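Here's the structure we're looking at; comments come further down.
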Amino acid sequence: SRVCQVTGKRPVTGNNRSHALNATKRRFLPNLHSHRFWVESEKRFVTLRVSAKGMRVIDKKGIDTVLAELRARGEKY
Amino acid sequence: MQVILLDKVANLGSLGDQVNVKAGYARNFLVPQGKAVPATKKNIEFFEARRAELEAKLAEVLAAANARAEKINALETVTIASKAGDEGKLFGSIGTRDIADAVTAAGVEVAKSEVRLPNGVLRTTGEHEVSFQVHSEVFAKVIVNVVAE
RNA sequence: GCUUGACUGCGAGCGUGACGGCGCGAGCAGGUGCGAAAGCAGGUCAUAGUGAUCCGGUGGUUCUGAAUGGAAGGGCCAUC
RNA sequence: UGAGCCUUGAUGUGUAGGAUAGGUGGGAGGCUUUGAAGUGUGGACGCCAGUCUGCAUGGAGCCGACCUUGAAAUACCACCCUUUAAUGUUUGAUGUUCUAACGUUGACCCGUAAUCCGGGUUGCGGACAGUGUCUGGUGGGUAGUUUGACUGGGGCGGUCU
RNA sequence: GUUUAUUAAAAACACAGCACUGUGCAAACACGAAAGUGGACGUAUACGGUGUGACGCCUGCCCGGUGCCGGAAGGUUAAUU
RNA sequence: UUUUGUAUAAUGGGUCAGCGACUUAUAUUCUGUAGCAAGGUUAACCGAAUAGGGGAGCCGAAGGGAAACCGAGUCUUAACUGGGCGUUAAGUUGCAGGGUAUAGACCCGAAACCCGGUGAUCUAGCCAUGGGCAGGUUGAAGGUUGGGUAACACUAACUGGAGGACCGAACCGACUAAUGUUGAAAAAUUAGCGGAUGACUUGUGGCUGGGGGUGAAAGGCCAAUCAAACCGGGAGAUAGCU
RNA sequence: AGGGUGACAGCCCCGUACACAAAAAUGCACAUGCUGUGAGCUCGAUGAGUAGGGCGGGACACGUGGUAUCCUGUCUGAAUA
RNA sequence: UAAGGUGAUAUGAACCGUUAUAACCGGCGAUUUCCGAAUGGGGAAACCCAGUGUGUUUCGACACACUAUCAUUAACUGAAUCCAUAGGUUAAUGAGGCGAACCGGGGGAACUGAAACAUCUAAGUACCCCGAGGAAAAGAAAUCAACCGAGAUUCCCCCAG
Ligand SMILES: [Mg+2]
Ligand SMILES: [Mg+2]
Ligand SMILES: [Mg+2]
Ligand SMILES: [Mg+2]
Ligand SMILES: [Mg+2]
Ligand SMILES: [Mg+2]
Ligand SMILES: [Mg+2]
Ligand SMILES: [Mg+2]
Ligand SMILES: [Mg+2]
Ligand SMILES: [Mg+2]
Ligand SMILES: [Mg+2]
Ligand SMILES: [Mg+2]
Ligand SMILES: [Mg+2]
Ligand SMILES: [Mg+2]
Ligand SMILES: [Mg+2]
Ligand SMILES: [Mg+2]
Ligand SMILES: [Mg+2]
Ligand SMILES: [Mg+2]
Ligand SMILES: [Mg+2]
Ligand SMILES: [Mg+2]
Ligand SMILES: [Mg+2]
Ligand SMILES: [Mg+2]
Ligand SMILES: [Mg+2]
Ligand SMILES: [Mg+2]
Ligand SMILES: [Mg+2]
Ligand SMILES: [Mg+2]
Ligand SMILES: [Mg+2]
Ligand SMILES: [Mg+2]
Ligand SMILES: [Mg+2]
Ligand SMILES: [Mg+2]
Ligand SMILES: [Mg+2]
Ligand SMILES: [Mg+2]
Ligand SMILES: [Mg+2]
Ligand SMILES: [Mg+2]
Ligand SMILES: [Mg+2]
Ligand SMILES: [Mg+2]
Ligand SMILES: [Mg+2]
């Protein structure tokens, strides 16, 4: 599913609003990608589904801090 | 981005200099190949511990040598003796080796290494200064007067 | 020929409409124009020439102004 | 390859004036074999008058309030002004290549006696493509609706204040 | 040959045949937010879409309109700035 | 019942029995009535609990202006001799009713829109795996042969056995007629009729699902239902109409 | 209270007001053992892709309006008593 | 607790009781086939076929107990590839599924109303999905207020149509 494996994050509904002003159901979506990383920690590369900011955060923060978070949050990779 | 480096890198990578650089080379590959690190607010001062650890310590402990080149300079004349030929010409040689023990028993313990000289000494007797390699810069300035017997 | 009454605030009293409105009006005040003056002049000899409200525009005005001062905005007035 | 730029060192023919004296705080000297003027050029600013500077050549010497002048030496050392280039760099503009992102519905290894997958290797593309958000065009493919009243039936014609 | 099972079997649909047109393959197209399939274990002598309808002789003139293809110089022109 | 109007050949009712259509809550105003009265009256809540507490609060006794504000006045205007609205006639809480509001709002009825299900045991197309086509015709390609060619062509015979070929049962279909038309039957029967080795037919089983499918194309088929299936649900949809 | 009883019962019958009862399991409450739990104090420390902004939407009674406030798909991005 | 009982239609049998093993009420265990979350595998629900162990003075086929999936931790075995890692077997524990309403979330109509209709309405309604408790949710001010003060949240009446 379009789940940004870093920041949960997902598809979010709302409207197209025409000029004449008519609502319409739609989806907003993250630009999310399947980017790869290095990890001198685990001597693998891994590859995880990640958002726009999905990356932006893992840059400010530690590329390694996440795997840890996520290891608590109970998922494999 | 701040990501701090390790090696040279084109242009810069002055071992340890924080940066303003695009997220590409970094994260994408560079960092992903032992070459820099997330310059987090943690790391950013991790190596500051190193800059401020390796410095004052092992650095100025070159002064824990400097003065042993001055211990040397306290006694500005030591004598070694080993047969001469009349008018100077001493048969064998003053040895890079001998000059070890010769000051091994005269205080400044030393081994055959240190001991920098000018020419494949020795042969002629009398007066001879000597610069040393106790570390990097401020050499010694030792002299050895060779008696005959 | 002079001129700007094609004025501003009002308006007893009427007419005409389901209404929303429309119309005729002497006189009151301020101030004009013309007549020397009595007086006349709130547009054209009458009756057609028109578009409610909403929303926004322009100027005027503390009337309003969300802790106070301001301000935005809103009212009111003319006006598009 | 544009502009931002920190440092750089730079320029200013009033009129007379060693003539393209900056304004001005400091101003009698600094610099000088880390070889100086003299030339020899290159280019830099041009009011065809004289400055800036790179390099070589050279080799123990170059500049003074003066006397003129509103300001008087570009003698150095201070902060800067117009006029401005220089790396260093920041990013746009365009073309070039590159490999590690991204792609791979080529090749092989392994889990594995498996035309999935993941992991690995290799070839190929490669910052394109593709996906996001925004954004102009398109859009009976789909969808929701409108499309007036009178009226000698309706329509049509005509009418609507 | 096919069809309105139950008032229409036809001159209607299909047809071989022709033309135009899109597709170089991870093909165009098509089902499906997607993954994945079909097209095809095919590969332009192949595949889809449109019209025309064996065969014979033939298929003139008009690109002004509307659709389309192509051009990329200019005018106009979105977010952004 | 509906109408200008009905014996009306205009609507409804076979008969009887039982049921079946102006409600309920809140809000609001008028009338009646009851209590207090320039007062009237509590709301949730407390509670010994319909009592008594509780006056938050609502209405009224002051109005005029948009408003600031002034006030038996106030607005209007610079001001009105003026003018408009006001002062001079009691209110308020409850009870019952006449209205009105919001609600299925007096009952019953659509055709439809929307959501989630159920169905390819009928039927359309496909897929996979077995089946079926009595009998009688025509006689293509090829082969052989003799002729004929320089050799080919061509040719005759004989063979051979092609075809969405022919006639015509089973098997499929449905052109005409009459019957049936509260049927034998919610599409049949009988006499005829078309295809019958093909784009044939059939058994079993899969697969395609509702703005979807399938369709040699008629809007046809999708369980006797199709210009948008069935079932449940929004749902008492809405009904200026009957 | 109520019900039954051959019709309509305070006094026939079951009950009712009242007063009593649990071998066993049990819920809730208090206390207590065992595993985990940290309490205490002192000195600290005071939650960045986060606020906030550009674009789209949405939630706010408030329909982009003069529209503060909140949520964020997208792009960005502080201060630190 | 007790004089009677072996539930109903519902008799009749052949019996059980009658002072404490008749029956009956209550607590707690016992057994509890086959389906079914169904969990050894397969399936057209209640049926078909297994493997590992064990049983017989009968150790054939039958009998009988364990064997599904993930998450978690552990031990063990362990690739491309050195280490490792993925992979694998096992063990323990947990989960699955069913449920009336209310409750928090993910999605979320249209008929309707506006006397048409698109903004707006219905409406965050109906339905679909997930999840959980006795309630759930919210909750311990980066709140209000208006220069005076208030002091987490949920709830009721007012303010007020
Ligand atoms: Mg304010
Ligand atoms: Mg204004
Ligand atoms: Mg349409
Ligand atoms: Mg509508
Ligand atoms: Mg009409
Ligand atoms: Mg038919
Ligand atoms: Mg049918
Ligand atoms: Mg074709
Ligand atoms: Mg045709
Ligand atoms: Mg034709
Ligand atoms: Mg032409
Ligand atoms: Mg074009
Ligand atoms: Mg009639
Ligand atoms: Mg009548
Ligand atoms: Mg009559
Ligand atoms: Mg009759
Ligand atoms: Mg009728
Ligand atoms: Mg009748
Ligand atoms: Mg009071
Ligand atoms: Mg079938
Ligand atoms: Mg035939
Ligand atoms: Mg026949
Ligand atoms: Mg027929
Ligand atoms: Mg007859
Ligand atoms: Mg027949
Ligand atoms: Mg429909
Ligand atoms: Mg109804
Ligand atoms: Mg009796
Ligand atoms: Mg905090
Ligand atoms: Mg915004
Ligand atoms: Mg089983
Ligand atoms: Mg099973
Ligand atoms: Mg089997
Ligand atoms: Mg409507
Ligand atoms: Mg509704
Ligand atoms: Mg809670
Ligand atoms: Mg305070």
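Residue numbers (the UniProt record's numbering), protein chains in the order written: chain A, 2 to 78; chain B, 1 to 149.
Where a beta carbon is used, it is the ideal one built from N, C-alpha and C, also for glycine.
The region 62-122 of chain B is shown to contain whole beta strand (DSSP E) runs of 3 or more residues at 78-81, in chain order.
Separation of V51 (chain A) and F38 (chain A) (C-alpha to C-alpha, rounded to the nearest whole angstrom) is 11 Å. Classified as exposed, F29 (chain B) has fewer than 16 neighbouring CB atoms from the shown chains inside 10 Å of its CB.
Here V103 (chain B) really is in contact with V78 (chain B); their C-beta atoms are around 6 Å apart, less than 8 Å.
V47 (chain A) and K22 (chain B) have their C-alpha atoms spaced approximately 22 Å apart. Taking C-alpha positions only, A39 (chain B) is separated from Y25 (chain B) by approximately 15 Å. Taking C-beta atoms as the reference points, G107 (chain B) and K71 (chain B) count as a pair closer than 8 Å. Here the alpha carbons of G15 (chain A) and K26 (chain A) stand approximately 6 Å from one another. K112 (chain B) has its alpha-carbon roughly 37 Å from the corresponding atom of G16 (chain B). At least one CB of chain B lies nearer than 8 Å to the CB of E41 (chain A). Not one beta carbon of chain A lies nearer than 8 Å to the beta carbon of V121 (chain B).
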